[PDB]
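# An overview of the molecular structure
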Amino acid sequence: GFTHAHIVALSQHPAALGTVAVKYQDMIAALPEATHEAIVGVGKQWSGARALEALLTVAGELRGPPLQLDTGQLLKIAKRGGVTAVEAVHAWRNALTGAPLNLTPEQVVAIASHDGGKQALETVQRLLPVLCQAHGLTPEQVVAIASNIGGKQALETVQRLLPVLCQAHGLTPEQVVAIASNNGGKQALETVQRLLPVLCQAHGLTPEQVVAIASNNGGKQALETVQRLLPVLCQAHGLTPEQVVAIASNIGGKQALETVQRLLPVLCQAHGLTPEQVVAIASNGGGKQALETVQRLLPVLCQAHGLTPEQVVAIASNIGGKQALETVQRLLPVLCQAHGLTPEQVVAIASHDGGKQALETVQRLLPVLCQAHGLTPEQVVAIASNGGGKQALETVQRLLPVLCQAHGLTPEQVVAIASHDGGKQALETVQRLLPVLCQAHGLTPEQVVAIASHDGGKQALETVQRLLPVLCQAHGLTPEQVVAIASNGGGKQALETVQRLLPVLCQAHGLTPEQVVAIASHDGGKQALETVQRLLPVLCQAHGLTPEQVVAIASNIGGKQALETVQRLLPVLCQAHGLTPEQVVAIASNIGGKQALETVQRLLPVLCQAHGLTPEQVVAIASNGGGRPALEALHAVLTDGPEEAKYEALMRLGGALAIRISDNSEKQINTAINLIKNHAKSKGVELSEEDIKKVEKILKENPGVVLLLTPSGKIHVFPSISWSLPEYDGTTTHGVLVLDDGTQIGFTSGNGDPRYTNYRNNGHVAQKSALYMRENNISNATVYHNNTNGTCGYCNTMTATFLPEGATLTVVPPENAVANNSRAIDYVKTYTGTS
DNA sequence: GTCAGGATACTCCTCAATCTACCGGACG
DNA sequence: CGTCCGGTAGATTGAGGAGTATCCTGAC
Ligand SMILES: [Zn+2]
């Protein structure tokens, strides 16, 4: 039974049609459990009929002990390699395996399943000892080189001119193997050998960049195109050579470069696309197709489908962006008006590699997954919004009942496992390994699910299964420690690195095994461990850092980057910026500490001088997580923005006194001068006669001005912002303290007294007012605050503790305030200090 | 019958940022 | 019973770079 479509597809090779029509029963007898798709795939090739005949003749012998080839392997060899490859495999069963070559049957299948794989097999047989002995090449590397179309030519060219690149050009064997491990690797290798000095000297290209260009399929064309078009794109189009290298470092990079040259003016002057966006679109595999599709479909997808150009760029910035864009154009109304998906969900689904497949699979499987399995559409969208999401969706549809029934997993656990790149592999690995891990090693299903949730969870699960009996016995590690190490992105690498490096780190550098486990329990923990091993003596000896400080720096997600940045920037920050090593270590000991350190180095002079941000304030701002965005936002709001916005941004730094004396009132001016002098003395900074005269001039010149004394000493002056309290934003509460004379003092919630940290009313506006009255000896005051929830119970009860003996503070909430609970208050209240 | 170049899809590993979730100490 | 408070630890959320894999077309 053959489908008419199958016959139409197979009609490419009429001899295969005759062979299938005549001896199909023999085909299925020699190859049991062979699907029709495999048969039509094998037959339709250039030698389908003869390959099928040879497979029928040989499959009775190729299943022998030397190879034990599966039916699928035989079908793949016959479909890809051809009849010649099958005959060569049959004729050299004894020579390939169990020989000095020492090739496993999988390697033989991988080598032979290529166009002209018989020649590759013959060449690898003839040259394996030569490259393994003289050139010192691993058999894995030789197999990888020979497992490509035209692998014989690449292997011969490597054997001929590996030393020429190793000595006369300084190219390591790994780089040459990477260059020659692609289709037509002989051409790329010869092109590198001919053009490396020219590109490195005349065009100023690093050999790493040239190798990166050539390490792709058809890299000779990319190299020649870079040589020809570097000046044109660098000068006439204003493109950085690194951008050109990034464009040309993909498969078909010559096409991308030519398309960029031809379409940059059009996309930049007729569609409003920035050159950075064009470069981002073209910096992916098949970028010429993506650029042409964007040029054709931007008006259609923007005017009609209501998609912003940024969404179209994000969709088109992936591999196969043409397919994703066409699929979005075709299926946006279908997926929106029928399946209920919002357009942003469709864009999120389509914004990955193979987004067309994900979109089609979502369209096909959303009712099935939502109705038969009870999955929420948000869960299906979350599964699909990943690389290879079609495979994950199909695997979920196949394995949800068995995983939720046999192993007792909940559907939420399965969805969490499958919501990552390669979630199909993780799901299959879980379904295969959970009984083994749980019954033998004692792991609980929750631990297995936690291990398998992250990216590459199949590798982590296999590594855990292989290494737990070794790590937990030889190195004395608790199974919880092993699970914690493995439950991270790239946890296989961290597990192997720990197994290799725990003894040397625990005897030479003296680190505790707990410290090693803490270092290795983060993303990229292998790199952090290697960096610790390399840099611990250097940092501890030259820079005077204790091992605990280095461990604290490295125990983060970017520990390697933070350690390298500390090594680079400790002296320059210490001597040219006046920062103690403790502050540098505190900045570096956070997620993304490299960015924080670089931002501190960049912005310390401007913040400390132009704005007067005491270095301690900058260090405290950067010492928290997200130091780079916080510093950037503070600098941006300081350089330009509403005066009120800068006012709050500089209240939130702490230690600043805002005063808004009213009228001229010379007595009132002297009182304000006394208050600002007292605050400056408390901060240990003397304003001196010039600043005192300037501030009197400012107060006597502009009515309604507000003064702001920074702890550094700078007196910010805002001529006019507001005479009324700003609207409550829900996070920061503002207050104004009014004395008898009339001067107003601005207060902001938070940044409470460090001495009274144990009090539950620290940082509150009423507490701050009471503390100010106590320090400045003010008998009577009224504080108006803007919080609509009213004064909390803490300040209701504990305010009188801070007020001086025989004082009075009147708290006033806004008129429209409503109490948020029973303990709060909602009216003006007078507090008298006690003894 | 091989060899080369291009397009597309899937899987794995680092890095950076933000988001919860508790935890702590004194007064009517 | 009451945080306009911070600190610590853990968990998502997102992006980017790299590796692996297959298939199709064109040319001798
Ligand atoms: Zn309060």
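Our subject is the structure that appears above.
Let us look at the structure shown here. (Residues numbered from 1 in each chain as written, not as in the entry; some residues may be left out. Chains lettered and ligands numbered in written order. Heavy atoms only, no water.)

### What about the protein's contact with DNA strand C?
- Taken together, 22 residues are adjacent to DNA strand C, and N751, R760, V765, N821 and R823 come closest.
- Put simply, 51% of the atoms of DNA strand C that lie within 4 Å of the protein are in sugar or phosphate.
- For DNA strand C, a phosphate oxygen lies 3.2 Å from a polar atom in the side chain of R80.
- Interatomic distance of 2.9 Å between a side-chain N/O atom of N821 and a sugar or linking oxygen of DNA strand C.
- Sorting the residues of the surface near DNA strand C by element identifies α5 (71-81) and α44 (793-802) as the ones contributing at least two each.
- A per-class count over the surface near DNA strand C returns two nonpolar, 15 polar and five charged. (Near = heavy atom within 4 Å. Polar contact = N/O pair within 3.5 Å; in protein donor to acceptor, adjacent residues only side chain to side chain. Helix = DSSP H or I, 4+ residues; strand = E, 2+ residues; numbered from the N terminus. Nonpolar A, V, L, I, M, F, W, Y, C, P; charged D, E, K, R; others polar.)

### Here's the deal with the coordination of the zinc ion
- The protein atoms donating to the zinc ion are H764 (ND1), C792 (SG) and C795 (SG), with metal-donor distances spanning 2.3 Å.
- All donors of the zinc ion come from a single chain, and their spacing in sequence reads H-x27-C-x2-C. With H764 in the loop between β5 (744-748) and α43 (765-776) and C795 in helix α44, this residue pair connects regions lying 31 residues apart in the sequence.
- Judged by its relative accessible area of 3%, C795 is buried. (Donors = N, O, S within 2.8 Å, 3.2 Å for Na, K, Ca; no water. Buried < 20%, exposed > 50% of the residue type's maximum accessible area, 1.4 Å probe, protein only.)

### Let's talk about the side chain of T71
- Relative to the elements of secondary structure, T71 occurs in helix α5.
- According to the relative accessible area criterion, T71 is buried, its value standing at 13%.

### A closer look at the protein's contact with DNA strand B
- In the region of DNA strand B, 69 residues are neighbours, and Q255, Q289, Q425, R628 and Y759 sit closest.
- Sugar and phosphate atoms constitute 59% of the interface atoms of DNA strand B, taking the interface as everything within 4 Å of the protein.
- Here a phosphate oxygen of DNA strand B and a side-chain polar atom of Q221 are 3.1 Å apart.
- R760 is positioned with one of its side-chain polar atoms (N or O) 3.0 Å from a base nitrogen of DNA strand B.
- Of the residues in the surface near DNA strand B, the class split is nine nonpolar, 41 polar and 19 charged.

So far we have only geometry, and geometry alone does not tell us how the molecule works.
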